[PDB]
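Let me begin by presenting the structure, written as C-alpha cells, before commenting on it.
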Amino acid sequence: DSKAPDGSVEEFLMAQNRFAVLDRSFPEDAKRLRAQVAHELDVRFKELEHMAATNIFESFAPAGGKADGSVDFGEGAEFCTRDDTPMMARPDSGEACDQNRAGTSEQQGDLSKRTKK
Amino acid sequence: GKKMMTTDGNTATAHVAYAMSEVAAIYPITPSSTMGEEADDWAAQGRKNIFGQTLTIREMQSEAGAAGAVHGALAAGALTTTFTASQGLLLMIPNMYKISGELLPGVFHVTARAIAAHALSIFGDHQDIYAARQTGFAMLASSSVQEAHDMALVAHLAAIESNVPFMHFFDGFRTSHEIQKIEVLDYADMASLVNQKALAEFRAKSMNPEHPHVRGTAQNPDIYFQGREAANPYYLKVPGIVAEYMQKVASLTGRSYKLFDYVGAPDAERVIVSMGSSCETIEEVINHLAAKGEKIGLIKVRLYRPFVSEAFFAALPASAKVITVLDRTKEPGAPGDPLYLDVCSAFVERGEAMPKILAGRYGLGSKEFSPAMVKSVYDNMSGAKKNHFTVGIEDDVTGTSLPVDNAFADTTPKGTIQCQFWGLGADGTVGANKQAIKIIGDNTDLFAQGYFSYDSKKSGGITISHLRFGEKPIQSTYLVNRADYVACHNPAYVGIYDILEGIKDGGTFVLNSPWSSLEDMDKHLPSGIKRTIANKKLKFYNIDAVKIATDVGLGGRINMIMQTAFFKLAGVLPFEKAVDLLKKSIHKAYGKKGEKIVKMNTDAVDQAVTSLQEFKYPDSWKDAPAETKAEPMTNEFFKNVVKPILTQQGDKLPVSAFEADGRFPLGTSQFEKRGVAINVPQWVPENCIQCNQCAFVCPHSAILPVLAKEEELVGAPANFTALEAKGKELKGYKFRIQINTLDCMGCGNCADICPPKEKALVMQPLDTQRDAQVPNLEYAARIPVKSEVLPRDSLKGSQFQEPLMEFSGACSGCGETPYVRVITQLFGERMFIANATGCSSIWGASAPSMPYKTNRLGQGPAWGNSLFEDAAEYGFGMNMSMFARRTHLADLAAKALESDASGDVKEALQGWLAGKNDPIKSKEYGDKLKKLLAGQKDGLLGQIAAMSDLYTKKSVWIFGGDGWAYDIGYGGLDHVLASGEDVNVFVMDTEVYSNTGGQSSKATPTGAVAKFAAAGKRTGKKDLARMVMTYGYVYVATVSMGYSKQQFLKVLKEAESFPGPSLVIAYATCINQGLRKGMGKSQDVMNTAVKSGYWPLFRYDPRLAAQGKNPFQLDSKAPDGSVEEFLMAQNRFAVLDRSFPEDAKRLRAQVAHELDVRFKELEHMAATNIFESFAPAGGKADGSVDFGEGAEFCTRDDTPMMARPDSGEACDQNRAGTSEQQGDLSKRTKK
Amino acid sequence: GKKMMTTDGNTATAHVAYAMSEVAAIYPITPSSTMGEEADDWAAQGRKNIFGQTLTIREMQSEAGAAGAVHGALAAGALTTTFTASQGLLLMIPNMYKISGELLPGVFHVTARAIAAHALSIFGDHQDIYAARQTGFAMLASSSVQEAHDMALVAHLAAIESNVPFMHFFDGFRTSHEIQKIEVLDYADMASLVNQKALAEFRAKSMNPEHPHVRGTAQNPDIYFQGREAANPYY
Amino acid sequence: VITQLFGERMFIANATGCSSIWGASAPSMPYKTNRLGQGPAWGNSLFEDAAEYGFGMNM
Amino acid sequence: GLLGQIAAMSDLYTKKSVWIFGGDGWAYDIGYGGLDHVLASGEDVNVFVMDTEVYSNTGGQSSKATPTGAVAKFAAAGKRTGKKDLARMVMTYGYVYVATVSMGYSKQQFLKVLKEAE
Amino acid sequence: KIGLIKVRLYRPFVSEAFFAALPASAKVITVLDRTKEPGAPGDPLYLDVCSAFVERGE
Ligand SMILES: Cc1ncc(C[n+]2csc(CCOP(=O)(O)OP(=O)(O)O)c2C)c(N)n1
Ligand SMILES: Cc1ncc(C[n+]2csc(CCOP(=O)(O)OP(=O)(O)O)c2C)c(N)n1
Ligand code: SF4
Ligand code: SF4
Ligand code: SF4
Ligand SMILES: [Ca+2]
Ligand SMILES: [Mg+2]
Ligand SMILES: [Mg+2]
C-alpha cells in the first residue's frame, strides 16, 4: 500500500531525539547506524515488492471435512507406538506389541526363513 | 443413578470435570495428561456435559497460555476447567491471583507432583499445590480414587455458588494412576445439584458489550487495600458452601465428608493430621492397632483453604496429648511446613490446652509411605518425640529420620489377596492385569486395586504390577510387600532381581521359563531362590509360556498364558467361575478377525490350565550351595550408587550417598550392559566396504569401528577378524567393525543401510553372538581410537572419533540419539549443553544412568537440564558467563603483556588473544600457557594460570524437541537468536510432544493424528525456519541424516563456526509416528522425507551475504512424487485413512500441496538477488546517552512509572502546541 | 569511606549489586527498573566491578527468560544478579527452585510490590516476596535506604560463602524511591570482605567441558527424597 | 476510531502497558457506552497473556 | 421452556468482535509466544498492536521492535540489532490476515484495514 | 513500656534468634504482615512467629 523510499529517511531520523542524541554524543557510530537503517529499509521494501509481484503464494487445498469421532495414533500400528515408562502410561495401555528389539519386519522375516528348521 | 466401575483417579476426576464444564484450555504434563486426553476423546465421541453440549477444549502453547485462556473464558461467562501439575501449575500462578481476584468460578484439577529443584521428578507430593496456597484459590484434597470423584464434584458445585475458584487435588500417581472399583454419579444427578440462581448471576455479571464494565484496573495507594479486602465476605462463606455440597452429594451417594474428618479411637492420646492418599494407609494402620487397644487417631484434611480452625477442633479428640502434623513437601529454611504451621496457629489462637505438636515430612516424589512408617510415626509420639523429622529415608547426614521396623505385620483387611507381577516391557503383562481387574470387578462383589511401577528405560524395561482383591474396601495406598501370589513373566529376572522378596510362606510363585526338567531348573534357578522356595513351602509352578504360545499359534506371546496362570492359581475366584469369565471375556474382547484368533486364545487357556502343575522340588533345596560373586570390574560409583539403584535398592541409599546440589558423574551407562536386544547385527567382513555408515547411524553407539596397527592386535582373540584398511591414508592399518551386543537394542538400522547388496551386517539372535563378541568388545575397547588419521568432520573420519553419549535409555531405533552422538564426535570435548525437558532430557539424564561421557583426556559435554520452558535462555546464560569470564582472562592477558613476563609467555599470550574465539588457535596457545605457567601462584601470571579451563574456545549448545522450540520455549528461542550472540540451537523435531505421550505441537503436520489432533491436525506445520530467517543475521539450516550424512556434517561445521546465533532443525523419527516396518527403517524414512519434498534441506548463511552472495542455499531437490507412500507408511497418517478415508484423502492432498508451494517458495528464495546484508559489529566505543538528553520537549511523563533519580527538570509537556504553533501565537500576541 | 551522600533505595542497592556481580540478566518492571538501567548505564560507561571488569548485562524477553539466563550464568561459574518485583518475580519462581536446588550463589534484588488480583498496583507490599518463600532462597529484608545498601552487601557476601541464593528486598516506592542521606562503601572495601576461597570453589564446581558433570537429572521415588534433603547442611 | 466502527459489540483483552494505564487507571475510565448502553467490554489480565486471554473470551 | 432459555440469552444474539490490544513490548517480546500460538489457532480474533518501538509506560526501554541505532534504555549507545520483523514472521502461516498502518500517511488505508481484518 | 522486633533474615527463620530479641516481660505480641493470603488461618510472618512459641513450649 505504500511507495518506494523517497530518500527522506535521514531527515526523519534526525528529527527525533532517540536518533539525534546519538549523533551529538557518538557522531561516528550514529552516522554508521543511520546509514545501516537506510540500507535495511531499502532491502526490505524490495523484498516486499518481490512478495507482491510473485505468482507463487500460500494457497490451500479444499479442506478436510467434518469428522464425527476420533482415533488414537497407536491404533492398529505394526509396532509399539508408546514406550514402557510412567510418562506414556494410560488407562488403556499395557497391551503386547513389537518393541523394535528384534529388527525390522523384513529383517525378522528373513531371519525366520534363514532359521526355518 | 449410580454406577460401579474400576477406574483410576484421573478418570474418576475427568468424569466429573467433563460434565461440569463448558470450556477447557489444556497443556500436557505428567501425570495429569490423562484427564485432558480423555476430555478430548469424550468430546469427539459425542459425550455431552450437563448442558447437553460437547466440551470446547483447546491445547495452548504452555500452562501460562492455558491459565490466561481459562481466565478469559471465565471472565466471558463460561464454566471452565483445566488439568495440571508441578511445573505447569507454577506457570498458572500469576493468573490464579487474577481468577480468584475477580471471583470467577474456575476449577483446576491437579495431580500433585514434585517441583524440580536438585532434580526433576514426575512423581507425587504436595510441593506444587503448596506453592499456590497464597493465590486465593480454595483448596480441596482427595485421599483416594473414590474421593477424587466425590471432591471433584463438590469443587465445581461450590465454585459456582461461592464465586471463589477451586483447586481440587490428589496425589500424583499414588492416586491419579491407582485403579480402584468405585461408584460414580451420572451427569443428570450432578446437574440436579447446581445452584441455578448462582449460575444465572454468573452469566449476568460476565463480560459482554451489551452491558459492559471495566475489569483489571490499575489502582493507587488510596484505594488498593480496600479493594483487596472487598472479597472477604465471599471467602467467609466458602467453607459453609463446601459443607453444603459434601452433604448434598452425600444424600445421593451415601458417602459423607466434613472439612476435617476424624477416624480412630474416640479417646485417642496420639493423633496424626495428614492430607492426601497417606490418610488411607494411616486409617488402615489405625484399624489394626486400635483393635489392640492403642489410643491413636487421625484427622483427615479435606478443605485445606480456607483453613477453618473451628472445623479442625471439631475433629480433634480432647483426649489428644500429642499431635503429629504430616506435610508432603519441603520448604527450605521455613520454621515448619504449611500444614504444620496452620495447625500451630489454630492452637495458639485457641489459647487453651496446648498438646505437644510435632512436625513430620514424608512421601516426597512418591516415596513409599507404608504401614511400618505410620507405625514409626505413632511410636515416636509415645517415645522420643523427635520433632521436624523425616520418614521413609535414612538421614545419616542431619539425623532427622525416624527408624522404621519393616517387620511390622501386614495390616490389610482379612481376606485380602495381594499379587505381584514382574514383566518385560511390552509383553502385555500390564494389559492383562488391567483386564483381570475389570473382569473380577464386574463379575464379583470384591474390591480391586491396581498400581503399576514402570522402568525409566524406554525399551525392554522392567514393569512390576501390584494388584489387590478383597471383600473389604482397599485403603492400601502403598506397594505390595507381602504377596500371596508372585509371577515372573521373564526368566532373565530370576538371576538379577529379588523377585521373591517378602512373599508369604506357602505363597504361590509362578515362573515363565523353558526349564521344565529338574536338571535345567537346578541349573538356572539360583541357590537363593531354591532355599527361599523350600523354606517357605511355596507352591512353585513353572510354565514354558513361549512354547505353549507358539504351539497354539499365538506366535509366542505369553500374555494369555500368564493371564490363565493368574486366574487359576491366584485364588481370588473359584477355578470353575475363574476360567469361565476369562473365556467369556476372550469372546467379549477380540472376537474381531474371525474365530481363528478367538480359538487360539481359548486353546491357550485350555493348554495353560492343563500345563499349570505344581513343580515338585527336592528337600535338598533348603540348603543349596551359595554361588560366588562373578561380577566384572566397574567404577566405585557404579558399585556403591548406580548398581544398588538399578537393582531396586535405591530406597536403601542414605542421604549421605548423594551430592547436595544433585549432580551426577558422567559415564555411568558404560557399565549397565543390559543385553535386552532380541536380535543383534553380525558383521560379515567379506562384504564390508569399510564405510563406517553403520556406526554413524546407531541410536545407542553399539557399533565400534576399529582401526589398529599390527602390533596392537598381537594378543587379540582368534575370532577377532580384521581386514586390511582400505584408503590411501589407512595404508597398513587393520579395520574391523566390532558389535557391542549387550548395549545394542536390536533396532536394525545399521544392517538396514549397510551399502553392499550382499550385506556386511546381518541380524541374528543375541544368544548366538554374545559368547564371541563380549570378549571381543572388551579387547576392542582397549585399542586406541585413531582420531588423527582422517578429517574429524568427514563421514568416515567422524566415526574414528570418540562418541561421548552412549547406551542411553532411548527407545530402540530412536531418531534423536544418532544426531546427538555425532555432534559429540565433533565438538564433545568443549561443549556446554542446555537441554530442554523432554525425551532428550529423559534418555539424557534419568538417574542413575548417565549416557554422556568423557574422552580419554577426561573432557566431555557439561550437561544441564534447567526447565522445559527455558532451554534457550539457560544456554544464553552459560554464554554470558563465558563471555564475562573469558573477557576477564583477556584483560589479564593484556596486562601481562605490559609486564616483565618472559618472551615465551608473552608470545603465547599474544597468540591466545589473537585467536581466543578460534577453537584451534585458542587451544594451541592455551596449551602452551598451561605448560609455561605450571606452578605459578602469584600475581597476574598466577591468576591467568588458574583460568586454564577458560583457555579453549567453548561451544555452547541448546538441545530441545519441537514442542520446546515451536511452542513453550519459542518466545525464549526467538529472543536468544535475536541477540546475535554465539550459541547453537539443535532442535530434534519428532513433530509431536513425544516424552509425554504423543500430544500435538505446532510442529505437527497437516493431517497427522496425535492427541488433541485425533481427527488429523487441521492447521499446517508452523514454519519456524522461515520465521527465523527473517532476521537475516542468524544461521538457519535443516538436516535429515537418512538423506545425507555429508550435508548433516557440513551443517554442523557451518552452524558451529558461525560467529553468531545458529539454528539447526533435524528430522527425528519416533515410535509415536508409527513406522510400519519398524524403527529400523528410520534412515530410509528420513531419506524419503526429503526426496518426497516433505522435509526439504537448506542452509541460510549470513556471512555469504556479507561477501555479496545469496545467503540461502537449497540442498535438496523438487518433490519426487513419493509423498503419498511416505505418509501411508506411517500409522500417524494411515490410521486416519482407515477411520476417515474421505477426510484423510483430502488431508494428504493438502500436505502434497503445502510442500509443493513451499519448495517453490524456497527455490524463489535461492534465485533472488535481493537479500539482507550482514555485519558482526561496528561501534561499541565507550559511554552511554539517555534518550531524553537535549530533547526539545518532555520525553517522559509525570507518573510514578517513569520517575528516575535524575528526573524532574522542567520541560515542554506538549500542552501548548507545536514549536511552530507556539511561535506563530507569540507573533500574533505581540502587544 | 564515611562520606554522607543523598541517594534513593534503588541506587543504594544498585551501587552494591554492580560491584559484586559479573553478569546480570534483566527485564523492566516498576519500581525496580531504576537498578537495571543504572547497572546498564554504568557498564556502558566502563565502571569496574570488584574484579576490575565491566558488568556483562543483557535484557531478556521476560522475567522468566531473565531467571533462566541467571540460572545458566551461575551454573557456568559467573557471579550473577537481577532486579525485579511483583509479576516479574512470579515468573522467576520456577527457576528459583532450580537455583537454590543447585546451591548457586545468585542474588535477586527485589523492590517488594503488590500482586495484581482484583486490580493491578505498582506500589509496595510483601505480596510478591512471600509468594516465593518456599523456593529455597534466603530472604533478607531492608527497612530503610541505609539498610538497602548494607543488606545488599551482606546478601552478596553471604550468598558467595553459603552457596544458598539470596533475595534481598526492600519496600516498593516507600524505600526504593525514598531519598536519604546515607553512607555507601567504595568498591575496594566491598572486595576486601569477599571469601576468595569460597569464590574459587564456586568456579571449580561450575559447568565446564574440561571437567564435566551432569546437573538436572530426573529421579524416581527410590532416591528423590534423599536428594532433596542432601542440602540441609548448607541451609 | 476502532470503537467508532465496532465499539458496540467488541471485547477487549488488553495487555498491560500504556494502553492499559490510560485505558483503566482507577478511577478514570475513558471507555464509554453509546446511547443504547452498549460499549467495549474491557479487561486487563496480565502483561504476558493478552492474546491467550482474548482467545479464552473467544472460546 | 425452550423459548424462556433462548430469551435469557439475548446478550449472545449479535455476533461479537473479539480484540486483543497491546504494545510492541507485549507483541514482540513477553507476549509473543502467546500471540504466535493464538494466531496459529486459526480462530476469529483481532490483534491490534500499537508499536511505539520501545517499552513506553515503564520508561522507554528497548524492545525487539526497537530499530537499529535508536537510543533507549538498554540500547544506551544505539540499538545494535535491527527491528524484529513480526509482520513477515506471521505471514508465513498463510492463513492469518496481516497488515500495517500509519494514520498520518493514510486514514483511508487504516479504515480499509480495520474493515478487512475484522 | 512498648517495643519492636525488626525482622532482618526472614528465611531461614531462626527461632533462637527471634527469642534472643524478645523481652521476657512481653505479655502481648502483635505480628504485622504486609500481605494478604485469602483463606489462610494467618499471613506468613504471623504463622512463623506462632510456630516459634508452640515449639518453645514455655
Ligand atoms: C512448564 C512445563 N509444562 C509441561 C511439562 C511436561 N512436558 C515435559 S516435556 C513435554 C514435551 C516434549 O516435547 P518435545 O519438546 O517435542 O520433545 P520430545 O519429547 O518430543 O523429544 C511436555 C509437555 C513440563 N515439564 N514443564
Ligand atoms: C511479568 C511482567 N513483567 C514486566 C512488567 C512491567 N511492564 C508492564 S508494561 C511494560 C512495557 C509496555 O511496553 P509495550 O508493550 O511496548 O506498551 P507501551 O507501554 O509501549 O504501549 C513493562 C516492562 C509487568 N507488568 N509484568
Ligand atoms: S541394531 Fe540398532 S542398536 Fe544395534 S548396532 Fe544396529 S543400529 Fe545400533
Ligand atoms: S555399513 Fe556395512 S559396509 Fe559400511 S562399514 Fe558398516 S558393515 Fe561395513
Ligand atoms: S524421541 Fe520417540 S523414539 Fe526417541 S526416546 Fe523419545 S519416544 Fe522414544
Ligand atoms: Ca554459532
Ligand atoms: Mg517432539
Ligand atoms: Mg511500546
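In the C-alpha cells, chains take the letters A, B, ... in the order shown, each chain's residues start at 1, and ligands count up from 1 in the order shown.
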
Selection: 8 Å around region 10-15 of chain F, only C-alpha atoms, excl. self and same-chain fewer than 2 positions, as a PDB file with N, CA, C and O atoms, in the first residue's frame:
ATOM      1  N   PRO B 332      12.576 -25.247  52.290  1.00  0.00           N
ATOM      2  CA  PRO B 332      13.883 -24.962  52.882  1.00  0.00           C
ATOM      3  C   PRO B 332      13.949 -23.648  53.653  1.00  0.00           C
ATOM      4  O   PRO B 332      13.582 -22.589  53.137  1.00  0.00           O
ATOM      5  N   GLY B 333      14.412 -23.731  54.897  1.00  0.00           N
ATOM      6  CA  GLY B 333      14.541 -22.539  55.724  1.00  0.00           C
ATOM      7  C   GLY B 333      13.324 -22.128  56.531  1.00  0.00           C
ATOM      8  O   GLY B 333      13.436 -21.321  57.452  1.00  0.00           O
ATOM      9  N   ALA B 334      12.154 -22.666  56.199  1.00  0.00           N
ATOM     10  CA  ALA B 334      10.943 -22.315  56.934  1.00  0.00           C
ATOM     11  C   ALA B 334      10.998 -22.924  58.333  1.00  0.00           C
ATOM     12  O   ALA B 334      11.703 -23.911  58.563  1.00  0.00           O
ATOM     13  N   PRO B 335      10.277 -22.328  59.298  1.00  0.00           N
ATOM     14  CA  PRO B 335      10.308 -22.894  60.649  1.00  0.00           C
ATOM     15  C   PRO B 335       9.488 -24.181  60.696  1.00  0.00           C
ATOM     16  O   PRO B 335       9.506 -24.915  61.681  1.00  0.00           O
TER      17      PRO B 335
ATOM     18  N   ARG C 133       8.479 -17.574  49.064  1.00  0.00           N
ATOM     19  CA  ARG C 133       9.099 -18.037  50.299  1.00  0.00           C
ATOM     20  C   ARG C 133       9.456 -19.514  50.357  1.00  0.00           C
ATOM     21  O   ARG C 133      10.308 -19.901  51.152  1.00  0.00           O
ATOM     22  N   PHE C 137      15.176 -19.795  48.607  1.00  0.00           N
ATOM     23  CA  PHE C 137      16.050 -18.627  48.619  1.00  0.00           C
ATOM     24  C   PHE C 137      16.090 -18.082  50.039  1.00  0.00           C
ATOM     25  O   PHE C 137      15.086 -18.116  50.751  1.00  0.00           O
ATOM     26  N   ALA C 138      17.253 -17.601  50.457  1.00  0.00           N
ATOM     27  CA  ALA C 138      17.352 -16.984  51.766  1.00  0.00           C
ATOM     28  C   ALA C 138      16.643 -15.659  51.489  1.00  0.00           C
ATOM     29  O   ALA C 138      16.638 -15.192  50.348  1.00  0.00           O
ATOM     30  N   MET C 139      16.039 -15.063  52.508  1.00  0.00           N
ATOM     31  CA  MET C 139      15.323 -13.804  52.324  1.00  0.00           C
ATOM     32  C   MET C 139      15.778 -12.786  53.360  1.00  0.00           C
ATOM     33  O   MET C 139      15.587 -12.973  54.561  1.00  0.00           O
ATOM     34  N   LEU C 140      16.384 -11.708  52.874  1.00  0.00           N
ATOM     35  CA  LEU C 140      16.937 -10.667  53.729  1.00  0.00           C
ATOM     36  C   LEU C 140      16.292  -9.315  53.427  1.00  0.00           C
ATOM     37  O   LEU C 140      16.441  -8.772  52.333  1.00  0.00           O
ATOM     38  N   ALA C 141      15.582  -8.783  54.416  1.00  0.00           N
ATOM     39  CA  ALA C 141      14.869  -7.515  54.291  1.00  0.00           C
ATOM     40  C   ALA C 141      15.619  -6.261  54.739  1.00  0.00           C
ATOM     41  O   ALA C 141      16.388  -6.289  55.693  1.00  0.00           O
ATOM     42  N   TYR C 235      21.814 -25.096  54.396  1.00  0.00           N
ATOM     43  CA  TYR C 235      20.829 -24.194  54.974  1.00  0.00           C
ATOM     44  C   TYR C 235      21.088 -23.965  56.461  1.00  0.00           C
ATOM     45  O   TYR C 235      20.847 -22.875  56.982  1.00  0.00           O
TER      46      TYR C 235
ATOM     47  N   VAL F   7      12.527  -7.700  61.792  1.00  0.00           N
ATOM     48  CA  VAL F   7      12.949  -8.920  61.118  1.00  0.00           C
ATOM     49  C   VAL F   7      13.908  -8.611  59.973  1.00  0.00           C
ATOM     50  O   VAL F   7      13.539  -7.926  59.022  1.00  0.00           O
ATOM     51  N   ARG F   8      15.142  -9.101  60.076  1.00  0.00           N
ATOM     52  CA  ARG F   8      16.126  -8.908  59.015  1.00  0.00           C
ATOM     53  C   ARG F   8      16.137 -10.165  58.142  1.00  0.00           C
ATOM     54  O   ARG F   8      15.801 -10.112  56.959  1.00  0.00           O
ATOM     55  N   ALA F  17      17.118 -16.911  67.355  1.00  0.00           N
ATOM     56  CA  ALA F  17      17.457 -15.503  67.179  1.00  0.00           C
ATOM     57  C   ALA F  17      16.241 -14.618  67.455  1.00  0.00           C
ATOM     58  O   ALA F  17      16.378 -13.508  67.966  1.00  0.00           O
ATOM     59  N   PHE F  18      15.050 -15.106  67.121  1.00  0.00           N
ATOM     60  CA  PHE F  18      13.834 -14.338  67.376  1.00  0.00           C
ATOM     61  C   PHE F  18      13.667 -14.163  68.883  1.00  0.00           C
ATOM     62  O   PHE F  18      13.408 -13.061  69.370  1.00  0.00           O
ATOM     63  N   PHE F  19      13.816 -15.259  69.619  1.00  0.00           N
ATOM     64  CA  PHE F  19      13.664 -15.205  71.067  1.00  0.00           C
ATOM     65  C   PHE F  19      14.744 -14.385  71.751  1.00  0.00           C
ATOM     66  O   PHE F  19      14.499 -13.777  72.796  1.00  0.00           O
ATOM     67  N   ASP F  48       4.786 -17.872  61.240  1.00  0.00           N
ATOM     68  CA  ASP F  48       6.141 -18.253  61.625  1.00  0.00           C
ATOM     69  C   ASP F  48       6.345 -17.996  63.119  1.00  0.00           C
ATOM     70  O   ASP F  48       6.870 -18.849  63.836  1.00  0.00           O
ATOM     71  N   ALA F  52       7.098 -20.565  66.515  1.00  0.00           N
ATOM     72  CA  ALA F  52       8.222 -20.411  67.432  1.00  0.00           C
ATOM     73  C   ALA F  52       7.758 -20.611  68.874  1.00  0.00           C
ATOM     74  O   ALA F  52       8.411 -21.308  69.657  1.00  0.00           O
TER      75      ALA F  52
END

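When DSSP is run on the backbone, the residues of chain D that fall into strand (DSSP E) are residues 10, 11, 12, 13, 14, 41, 42 and 43 of chain D.
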
Dump as a PDB file, in the first residue's frame, selection limited to N, CA, C and O atoms:
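After the write, selection-v8.pdb holds the following:
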ATOM      1  N   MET D  10     -17.767  -5.081  20.839  1.00  0.00           N
ATOM      2  CA  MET D  10     -16.438  -5.645  20.994  1.00  0.00           C
ATOM      3  C   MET D  10     -15.996  -5.998  22.404  1.00  0.00           C
ATOM      4  O   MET D  10     -16.482  -5.436  23.385  1.00  0.00           O
ATOM      5  N   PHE D  11     -15.115  -6.993  22.481  1.00  0.00           N
ATOM      6  CA  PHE D  11     -14.499  -7.413  23.733  1.00  0.00           C
ATOM      7  C   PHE D  11     -13.069  -6.929  23.535  1.00  0.00           C
ATOM      8  O   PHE D  11     -12.577  -6.901  22.406  1.00  0.00           O
ATOM      9  N   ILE D  12     -12.406  -6.532  24.613  1.00  0.00           N
ATOM     10  CA  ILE D  12     -11.022  -6.099  24.504  1.00  0.00           C
ATOM     11  C   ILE D  12     -10.188  -6.751  25.595  1.00  0.00           C
ATOM     12  O   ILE D  12     -10.449  -6.551  26.780  1.00  0.00           O
ATOM     13  N   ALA D  13      -9.207  -7.546  25.180  1.00  0.00           N
ATOM     14  CA  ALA D  13      -8.272  -8.194  26.093  1.00  0.00           C
ATOM     15  C   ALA D  13      -7.046  -7.304  25.932  1.00  0.00           C
ATOM     16  O   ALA D  13      -6.373  -7.352  24.906  1.00  0.00           O
ATOM     17  N   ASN D  14      -6.767  -6.485  26.942  1.00  0.00           N
ATOM     18  CA  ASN D  14      -5.671  -5.528  26.873  1.00  0.00           C
ATOM     19  C   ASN D  14      -4.413  -5.912  27.653  1.00  0.00           C
ATOM     20  O   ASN D  14      -4.464  -6.141  28.854  1.00  0.00           O
ATOM     21  N   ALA D  41     -16.374  -4.247  26.157  1.00  0.00           N
ATOM     22  CA  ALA D  41     -16.227  -4.990  27.405  1.00  0.00           C
ATOM     23  C   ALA D  41     -14.711  -5.079  27.505  1.00  0.00           C
ATOM     24  O   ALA D  41     -14.081  -5.819  26.755  1.00  0.00           O
ATOM     25  N   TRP D  42     -14.143  -4.312  28.430  1.00  0.00           N
ATOM     26  CA  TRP D  42     -12.693  -4.194  28.600  1.00  0.00           C
ATOM     27  C   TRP D  42     -12.087  -4.945  29.781  1.00  0.00           C
ATOM     28  O   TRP D  42     -12.627  -4.931  30.886  1.00  0.00           O
ATOM     29  N   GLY D  43     -10.944  -5.574  29.544  1.00  0.00           N
ATOM     30  CA  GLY D  43     -10.277  -6.285  30.614  1.00  0.00           C
ATOM     31  C   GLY D  43      -8.769  -6.363  30.461  1.00  0.00           C
ATOM     32  O   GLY D  43      -8.256  -6.542  29.359  1.00  0.00           O
TER      33      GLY D  43
END

Practice prompt. Could you tell me, counting only C-alpha atoms and all ligand atoms, which protein and nucleic acid residues lie no more than 12 Å from ligand 4, written as an NGL selection string?
Written response: :B and (681-698 or 702-707 or 722-723 or 725-726 or 735-739 or 748-763 or 795-797 or 799-800)

9 Å contact set for residue 44 (chain D), only C-alpha atoms, chain neighbours under 5 positions out, as a short mmCIF file (atom, residue, chain, number, x, y, z; two decimals) with N, CA, C and O atoms, in the first residue's frame:
data_model
loop_
_atom_site.label_atom_id
_atom_site.label_comp_id
_atom_site.auth_asym_id
_atom_site.auth_seq_id
_atom_site.Cartn_x
_atom_site.Cartn_y
_atom_site.Cartn_z
N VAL B 214 -15.60 -2.43 33.32
CA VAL B 214 -14.14 -2.45 33.21
C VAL B 214 -13.57 -3.34 34.31
O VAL B 214 -13.92 -3.17 35.48
N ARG B 215 -12.72 -4.29 33.94
CA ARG B 215 -12.09 -5.16 34.93
C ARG B 215 -10.58 -5.08 34.74
O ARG B 215 -10.10 -4.82 33.63
N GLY B 216 -9.83 -5.27 35.82
CA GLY B 216 -8.39 -5.18 35.71
C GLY B 216 -7.87 -3.76 35.65
O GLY B 216 -7.01 -3.42 34.84
N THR B 217 -8.40 -2.89 36.52
CA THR B 217 -7.94 -1.51 36.56
C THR B 217 -6.58 -1.48 37.27
O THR B 217 -6.13 -2.49 37.81
N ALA C 119 -7.15 -6.01 41.05
CA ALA C 119 -6.61 -4.88 40.29
C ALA C 119 -5.09 -4.94 40.34
O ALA C 119 -4.51 -5.65 41.16
N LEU C 120 -4.46 -4.19 39.44
CA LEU C 120 -3.00 -4.12 39.41
C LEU C 120 -2.56 -2.94 40.26
O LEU C 120 -3.30 -1.95 40.42
N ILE D 12 -12.41 -6.53 24.61
CA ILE D 12 -11.02 -6.10 24.50
C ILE D 12 -10.19 -6.75 25.60
O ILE D 12 -10.45 -6.55 26.78
N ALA D 13 -9.21 -7.55 25.18
CA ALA D 13 -8.27 -8.19 26.09
C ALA D 13 -7.05 -7.30 25.93
O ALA D 13 -6.37 -7.35 24.91
N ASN D 14 -6.77 -6.48 26.94
CA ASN D 14 -5.67 -5.53 26.87
C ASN D 14 -4.41 -5.91 27.65
O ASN D 14 -4.46 -6.14 28.85
N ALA D 15 -3.28 -5.97 26.96
CA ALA D 15 -2.03 -6.28 27.62
C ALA D 15 -1.66 -5.10 28.51
O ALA D 15 -2.02 -3.96 28.24
N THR D 16 -0.94 -5.38 29.59
CA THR D 16 -0.51 -4.32 30.49
C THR D 16 0.44 -3.43 29.69
O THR D 16 1.19 -3.91 28.84
N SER D 20 -3.10 0.03 28.84
CA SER D 20 -3.90 -0.43 29.99
C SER D 20 -3.89 0.65 31.06
O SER D 20 -4.79 0.71 31.90
N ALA D 24 -7.31 2.19 31.87
CA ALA D 24 -8.05 1.91 33.09
C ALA D 24 -7.36 2.19 34.44
O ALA D 24 -7.38 1.35 35.33
N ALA D 50 -2.11 -11.41 27.14
CA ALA D 50 -3.19 -10.76 26.40
C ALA D 50 -3.84 -11.60 25.29
O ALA D 50 -5.07 -11.70 25.22
N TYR D 53 -5.72 -14.53 26.75
CA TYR D 53 -6.87 -14.01 27.48
C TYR D 53 -8.00 -13.76 26.47
O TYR D 53 -9.14 -14.20 26.68
#

Worksheet item: Skipping near chain neighbours, those fewer than 5 positions away, what residues fall within 12 Å of residue 42 (chain E) using only C-alpha atoms, listed as a PyMOL selection string?
Response: (chain B and resi 58+1018-1020) or (chain D and resi 55+58) or (chain E and resi 35-37+93-97)

Please, which residues have at least one atom within 6 Å of an atom of ligand 2, using only C-alpha atoms and all ligand atoms, listed as a compact mmCIF listing (two decimals) with C-alpha atoms, in the first residue's frame?
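What ended up in part-v9.txt:
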# COMPACT_ATOMS: atom_id res chain seq x y z
CA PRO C 28 11.98 -3.88 33.34
CA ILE C 29 9.21 -3.61 35.89
CA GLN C 87 4.54 -10.05 38.38
CA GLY C 88 8.17 -10.31 37.34
CA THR D 16 -0.51 -4.32 30.49
CA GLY D 17 1.24 -1.20 29.23
CA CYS D 18 0.42 2.38 28.31
CA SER D 19 -2.84 1.26 26.72
CA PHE D 47 1.28 -8.25 30.62
CA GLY E 22 -1.17 -4.49 23.16
CA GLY E 23 2.07 -2.59 22.67
CA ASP E 24 5.22 -3.69 20.86
CA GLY E 25 6.83 -4.90 24.08
CA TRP E 26 3.93 -7.27 24.55
CA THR E 52 5.87 2.67 19.94
CA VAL E 54 10.02 0.85 22.94
CA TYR E 55 8.51 -0.21 26.27
CA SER E 56 6.85 3.17 26.82
CA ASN E 57 4.91 3.04 30.08
CA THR E 58 7.86 1.72 32.12
